[PDB]
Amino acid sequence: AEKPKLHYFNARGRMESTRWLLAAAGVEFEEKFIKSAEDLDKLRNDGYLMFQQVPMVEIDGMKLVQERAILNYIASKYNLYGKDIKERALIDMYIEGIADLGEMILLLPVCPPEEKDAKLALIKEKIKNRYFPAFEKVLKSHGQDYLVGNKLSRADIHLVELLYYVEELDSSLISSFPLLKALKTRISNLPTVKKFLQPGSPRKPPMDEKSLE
């Protein structure tokens, strides 16, 4: 079929988790970067963005917008969404927690400077006291190499992606969570993920001081 085509800025933002998931699935995809106001205006004007926003992914004849819609479809299509309704429920619970933490970190830069040191401190306390304990407990409960169904799912991918973001922020935060560290290592050595973390992949760098929109 058509290779999926990802429309977004040349940046992580709200498209990165899709890059991770497709790459983890071994799926060949192409990207078309939005470099100007004019590029975005053209996609909007031509009718390809349901709510006038990117990310947008062309896949299987659809022009899919909304990160969560894109990710749900990709996960099902490539058998990364568990095997039944109840496994999808655990997966969804897990990944919605990951997205709540992720959203805090995503938005930390565009915070006002006088709130920004306090928001960081609250993120670190939630990481230590709420989120990392919750995922460590799941991994402890069954002792298996994957979060759900003893099989690779989107939840392992989304989690390990966030573990890399948390490491960028503060490498000490994972230190009391040995099962989270071990997950990071195993997932990162899966052939597809190993290739994605290697240079020359679609994986994107963190945003730097030169972030002018």
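In this text, residue numbers run from 1 along the sequence as written.
Set 126-134 against 102-110 and average the Cα temperature factors; 102-110 ends up higher.
Two stretches are in play, 172-180 and 50-58, and the higher mean C-alpha B-factor belongs to 172-180.
Of the candidates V27, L64, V160, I34, the deposited coordinates give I34 the top C-alpha B factor.
Per the deposited record, the Cα B-factor of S17 falls in the lowest third when ranked against the other modelled residues of its chain. Sort the chain's modelled residues by C-alpha temperature factor and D156 lands in the lowest third, per the entry. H7: CA B factor in the lowest third of modelled residues in this chain (values from the PDB entry). In the deposited entry, the Cα temperature factor of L71 places it in the lowest third of its chain's modelled residues. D117 sits in the highest third of its chain by CA B factor, as recorded in the PDB entry.
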